[PDB]
Each structure stands twice: as C-alpha cells, then as structure tokens.
Amino acid sequence: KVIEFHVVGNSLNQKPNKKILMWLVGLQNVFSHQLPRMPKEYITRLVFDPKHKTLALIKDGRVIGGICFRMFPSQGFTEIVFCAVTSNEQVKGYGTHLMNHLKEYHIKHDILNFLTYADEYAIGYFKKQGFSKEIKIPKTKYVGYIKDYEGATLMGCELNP
Ligand SMILES: CC(C)(COP(=O)(O)OP(=O)(O)OC[C@H]1O[C@@H](n2cnc3c(N)ncnc32)[C@H](O)[C@@H]1OP(=O)(O)O)[C@@H](O)C(=O)NCCC(=O)NCCS
C-alpha cells in the first residue's frame, strides 16, 4: 500500500531510536534469510556497525528490503555489503528502485563508484543495474579495507552526473 525509503544506521551519535532500531533488526532478518552465505551474526555485526548505513525499503511500516553499504569518501567509492527484498515482494521492481535511489544518494554526496562482490545468484541483478566485472577503478584505491568475500565476483559501477 504505502512505500517509503529511509537511510538508517546505528551511528554512535544519536540513533537509539525505537523506530529505526526495529528497522535495523528487520533489515538483519531479511538479509539473513535472503543471504545464506552470510552468517546471521556477521550481518548483525555490520548492519549495526556505525560506519555502515543501510537504505531501507519500508512497506506499510515494515521493512521488506534494503541495501547495507559502507561509504569510503576518501577512496571515492562505496562498498555494497548486503542487498535483499523479502521473497513475497520480489520481482516487482523494488530491487531496482533501491539501487536507483541509492545511486542518486551517492551522486548527491559526490561519490560516483560502486564496488561489490556479487554472488552466483546476484550477478544478474547487478548487471541489470549497470554493474560490470571490468573494474573502472584502480586496485590501489579499494584493495585494502574492502572485504573480499570468497567465491564472490568483484563487480563495479560508475554513476551518472
Ligand atoms: C536481488 C534482489 C535484491 C532484487 O530483487 P527484486 O526486488 O525482485 O528485483 P527487481 O524486481 O527490481 O528486478 C528487475 C530486473 O532485474 C532482473 N533480475 C536479475 N537477477 C534477479 C534476481 N535474482 N531476482 C529478481 N530479478 C532479477 C529481472 O530479470 C528484471 O529485468 P527487467 O526489469 O528487464 O524485467 C532479490 O531477488 C533478492 O532479495 N535476492 C536474494 C538475495 C540476493 O541474491 N541478493 C543479491 C544482492 S542485491
């Protein structure tokens, strides 16, 4: 019925809010069920990590999808950690809106590069979102504090104006 996008996080500043707190758990839940190769404890570890933020897709007050990301302003890129939409809401374009919305959010902050390690079943999604295996960014800029998930295919995406 009603759709909303909210960028949330556990920032050590001021976010112990109950509304966003329940959303973070809802995000952990959806990520955990949709991303089996990511242990649930690990997902909880990063989703609540102050350096990470998550773009949440809320529908009728409940989280049905989101994208956890870790921005690296200095190195001019953002790491896309988790992406998922609940099973019952998939194949409706929401995954598309999320990536699109997240792109604009980054063009706004002057970050025009997306780097992620796509999983076997993810490759198709990122491809349809404009990501490509051919990295348009030097390794010296990302290879360092960007987790390289075993069995994953490193992919990138450069944003528009
Ligand atoms: C990948 C995911 C987040 C997005 O799914 P979604 O909300 O259903 O995506 P969309 O409906 O916006 O996809 C639309 C387009 O993506 C394509 N696509 C490719 N891979 C896809 C996949 N795994 N699921 C759904 N669509 C997919 C569709 O064919 C479609 O092409 P079209 O617009 O020309 O018809 C969701 O399928 C999911 O939760 N997957 C399980 C976890 C996962 O594999 N995550 C990868 C990290 S994002």
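Every heavy atom of this structure was used, including side-chain atoms; hydrogens, water molecules and symmetry mates were not. Residue numbers count from 1 along this sequence.
- Residues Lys147 and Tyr117 fail the side-chain proximity criterion, which asks for heavy atoms closer than 4.5 Å.
- Across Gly9 and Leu24, no two heavy atoms sit closer than the pair O-CD1, 4.1 Å.
- The shortest distance between side-chain heavy atoms of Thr54 and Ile67 does not fall below 4.5 Å.
- Counting only heavy atoms from C-beta outward, the side chains of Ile111 and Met71 approach each other to under 4.5 Å.
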The test is side chain to side chain contact (heavy atoms under 4.5 Å, CB included); show your working for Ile80 and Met99 and say whether it passes. CA-CA 10 Å; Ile80 289 181; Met99 193 57 92; 3.9 Å; yes
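- Considering only residues two or more places apart in sequence or on other chains, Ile43 meets the side-chain contact (heavy atoms from CB on, under 4.5 Å) condition with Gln28, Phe31, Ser32, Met38, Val47, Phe82.
- Here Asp119 pairs with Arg37 under the side-chain hydrogen bond (donor to acceptor under 3.5 Å, both in side chains) rule; sequence neighbours left out.
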Can you give each donor-acceptor pair under 3.5 Å made by side-chain atoms of residues 58-65, sequence neighbours left out, with the distance rounded to 0.1 Å?
{"residue": "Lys59", "atom": "NZ", "partner": "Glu89", "partner atom": "OE1", "Å": "3.1"}
{"residue": "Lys59", "atom": "NZ", "partner": "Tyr94", "partner atom": "OH", "Å": "2.8"}
{"residue": "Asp60", "atom": "OD1", "partner": "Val2", "partner atom": "N", "Å": "3.0"}

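- Within the 3.5 Å criterion, the main-chain N or O of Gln129 finds a donor-acceptor partner in the side chain of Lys103.
- When the ring pair (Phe, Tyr, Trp, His ring centres under 6.0 Å) test is applied to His109, the partners found at least two apart in sequence or on another chain are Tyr105.
- Remark: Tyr125 pairs with no residue by the side-chain hydrogen bond (donor to acceptor under 3.5 Å, both in side chains) rule, at least two apart or across chains.
- Under the ring pair (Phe, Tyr, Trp, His ring centres under 6.0 Å) criterion, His52 pairs with no residue, sequence neighbours left out.
- Summarising the geometry, atom CG belonging to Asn10 is positioned 12.0 Å from atom CG belonging to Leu46; distances are rounded to the nearest 0.5 Å.
- Cluster annotation: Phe72 and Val143 are assigned to the same hydrophobic cluster (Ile/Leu/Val/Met/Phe/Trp/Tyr, side-chain heavy-atom contacts under 4.5 Å, transitive).
- Judged by distance alone, with hydrogens and angles left aside, the side-chain atoms of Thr78 form no donor-acceptor pair with the main-chain N or O of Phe114 at under 3.5 Å.
- Within the structure, salt bridge (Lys or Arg N to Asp or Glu O under 4.0 Å) contacts touching residues 16-30 (residues at least two apart or in different chains) do not occur.
- The backbone N or O of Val85 sits less than 3.5 Å from a side-chain atom of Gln90, completing a donor-acceptor pair.
- Annotation: the span from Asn113 atom CG to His106 atom NE2 amounts to 11.0 Å, rounded to 0.5 Å.
- Both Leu21 and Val30 are part of a single hydrophobic cluster, where members link through side-chain heavy atoms under 4.5 Å apart.
- The structure places CG of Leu154 at 6.0 Å from CG of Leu115, a figure rounded to the nearest 0.5 Å.
- Under the side-chain hydrogen bond (donor to acceptor under 3.5 Å, both in side chains) criterion, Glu150 pairs with no residue, sequence neighbours left out.
- Residue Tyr149 qualifies as enclosed at atom OH: its count of foreign heavy atoms under 6.0 Å is above 12.
- A search for side-chain contact (heavy atoms from CB on, under 4.5 Å) contacts involving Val25 returns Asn29, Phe48, not counting sequence neighbours.
- The OG1 atom of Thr86 sits 7.0 Å away from the CD atom of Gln34 when rounded to the nearest 0.5 Å.
- Residues passing the side-chain hydrogen bond (donor to acceptor under 3.5 Å, both in side chains) test with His33: none are found, sequence neighbours excluded.
- You'll find the side chain of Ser132 stays beyond 4.5 Å of the side chain of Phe126, heavy atoms only.
- Rounding to the nearest 0.5 Å gives a distance of 13.5 Å between OG1 of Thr153 and CZ of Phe131.
- Residue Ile107 is grouped with residue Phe69 when hydrophobic side chains (ILVMFWY) are merged at heavy-atom distances under 4.5 angstrom, including chains of intermediate members.
- Side-chain N or O atoms of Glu79 include none that pairs as donor or acceptor with a backbone N or O of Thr116 at under 3.5 Å.
- Remark: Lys40 NZ is loosely packed, at most 12 non-hydrogen atoms of other residues, nucleotides or ligands lying under 6.0 Å away.
- Rounded to the nearest 0.5 Å, atoms SG (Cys157) and NZ (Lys127) are 12.5 Å apart.
- One hydrophobic cluster, built from ILVMFWY side chains closer than 4.5 Å, holds both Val7 and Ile3.
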